[PDB]
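We give structure tokens for two forms of one protein chain below, kept apart as structure 1 and structure 2.
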Structure 1
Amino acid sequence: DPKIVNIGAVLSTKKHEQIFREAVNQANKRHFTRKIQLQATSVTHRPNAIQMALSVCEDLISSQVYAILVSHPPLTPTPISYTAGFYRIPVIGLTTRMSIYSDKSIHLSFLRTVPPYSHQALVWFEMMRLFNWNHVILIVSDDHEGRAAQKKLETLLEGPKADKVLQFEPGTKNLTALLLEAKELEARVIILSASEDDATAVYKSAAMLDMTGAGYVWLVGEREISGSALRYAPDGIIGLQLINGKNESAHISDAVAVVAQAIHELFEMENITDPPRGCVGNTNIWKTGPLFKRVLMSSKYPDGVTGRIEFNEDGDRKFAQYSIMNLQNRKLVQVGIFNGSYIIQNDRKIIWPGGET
């Protein structure tokens, strides 16, 4: 009779709950479980944040979960992060790309199998080295996300330099003042960080100032080549798509593999306490929480479905893979991949705004 160790999950649908249940069962099959055996405990997202915080207590912490997997719903992971973080129960974000979850100060025990949108700067930097774009203009939204991208790119640059950074107020529709500043400059490589709706406004303004044609290069992320942002996007644009970024099934599979390995590595150590049983009356942190966080932050799973799993100083996914997308005759064409560390160009030729620079 082994010691049952519960793993929690806040997933999108009942299908995904059955995938988690199966991933935990296969973990138990593949590992030596005479001493410690995993048990899946899960719920789907609740209609609001208070209901979700309550559910974390009632349905998950009541079962003494050692960690909680969280998918972005079909509403955010924040109430789960906050409630579990109170006890220092590690949370694993499976599909959340918002940079704010990298802030240790407010997301107390949080790791994710997907990187934040700001880590797209790693691809841009490699792209700049490859295409010899030594002078760039960076346009970011003046929000946490926009600033996170700027911070990330500036760190890599400090060879290739950012001639100027221009920030705009989110929701601004008339961006012709900002883009006129950018037009005056010598540099013709524009890197943008903005949400779908804000990228749309930049595209509309840039097209009006005849800045989406020959001589110009647009380097963008995922959010800026999605939804409405794609409708008004200039042809020739280069954007990214995180491979499996949205596959919740693949991320459940890999997060369970990482967690299972971490649990077994943890029980190799002494004086391992159980998490609190339920929230009511329990106001102290789980004493093994910090050790379990360190064990997770330093876990390596090389044969993951989504690739090589490792986490950085903020517990964000390292070695993430991206599709290098190019808008050719209003179609998104894959022109290459960023494999985790290197750019691999495929046999499809890049068409730059116009022809070939």
Structure 2
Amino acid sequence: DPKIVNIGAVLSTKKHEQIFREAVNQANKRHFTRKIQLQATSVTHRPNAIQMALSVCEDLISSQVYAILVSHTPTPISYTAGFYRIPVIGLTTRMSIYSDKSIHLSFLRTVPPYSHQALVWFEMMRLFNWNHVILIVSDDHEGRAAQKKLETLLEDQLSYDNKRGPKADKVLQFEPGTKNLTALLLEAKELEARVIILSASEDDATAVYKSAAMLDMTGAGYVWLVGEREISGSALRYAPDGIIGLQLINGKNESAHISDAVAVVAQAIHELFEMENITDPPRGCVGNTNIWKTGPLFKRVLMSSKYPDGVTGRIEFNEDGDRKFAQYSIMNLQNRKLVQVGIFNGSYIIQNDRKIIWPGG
């Protein structure tokens, strides 16, 4: 007699589906009830967008899932499920587009968008009194989201220094995929400030680094401050010694995010079922143009939910459905090896015992 409540997932490997089932099992044990029983339904990723979308319909929506967890585009899944207002919960995708206020309105996620790295840059600027910076961003959605985020952060018996706040003397943008960025770097060289912040893809970061090298701008006096993509994979080849980048703590731990996302979903499902006039999700896509009437409400329940005991830390989502209070390892390139010199713990920079080597040091 328990009502079966299916949770869906699209995960990377069979082993992660096992982690998913175990999480759903844990959730049933956590919440005693005879009115509903949580069930796990999952698939792994298909090789292309078309097959992925079809599988979402054939394998997941056909089982009447209430939500779909998705590891790392999640684009076909977000769109296919969003059509019906079934919440899609991204476990590892960091691209800022999913945070946009106009599209992907059924999506939320347990990791922050790359644009949120700007919070950490801000604290770094405060800690080391970098009051003048140059921001170089790719002229695409991701580059501009980083810019927008950083700018937002920038914009009687007790004495105050009242020092003018940190400031971006200039924002320079480049066309993604451009192989020769000499003109841009020279434009930056003409400027006073020697603190350079970069938002760029792995591929574009290399272009920036090579141009900075050619112009002798990676040596003493300069500071390079970047995010995670700009010190990942191929971007590390020409990354200047002394550069500072970031790694999202637990950011690639799919297993941990599956556990936390299931916990959040189960909690929200129990709250949902205390409400009157709840409706069942769609059973299948074929000739079905109806939305899940309760879909939008369930997403609101999910996004306003709080799960303090996550394995990835406290879980809360902001108004765009992005994870709040993310923690980041602060990485410093030393002898061509990334060295962790501290943590941004959600609000403050906590330095450790290792010392930072600055560019040319």
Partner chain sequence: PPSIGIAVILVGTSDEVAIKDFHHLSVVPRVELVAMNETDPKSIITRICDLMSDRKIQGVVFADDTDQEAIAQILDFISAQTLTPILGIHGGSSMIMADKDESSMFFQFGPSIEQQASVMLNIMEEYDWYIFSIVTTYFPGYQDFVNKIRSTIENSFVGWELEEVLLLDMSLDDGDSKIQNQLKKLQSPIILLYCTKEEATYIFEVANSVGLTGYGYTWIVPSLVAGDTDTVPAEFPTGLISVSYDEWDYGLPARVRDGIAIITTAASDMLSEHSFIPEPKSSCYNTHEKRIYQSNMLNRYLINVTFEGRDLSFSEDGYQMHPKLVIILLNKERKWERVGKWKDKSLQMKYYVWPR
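Residue numbering: sequential along structure 1, first residue numbered 1. We call the rigid core whatever largest set of C-alpha positions still superposes within 1.5 Å between the two forms.
If I had to pick the form solved without its partner chain out of these two, would it be 1 or 2? Answer is structure 2, the other one does not fit.
Aligning on the rigid core, what is the distance the CA of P170 moves between the two structures, in angstrom? C-alpha displacement of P170 between the two structures: 0.8 Å.
Cα displacement of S105 between the two structures, once the rigid core is superposed (Å): Its C-alpha position differs by 2.2 Å.
Enter the rigid core superposed C-alpha shift of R34 between the two structures, rounded to one decimal in Å. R34 is displaced by 1.6 Å at its C-alpha.
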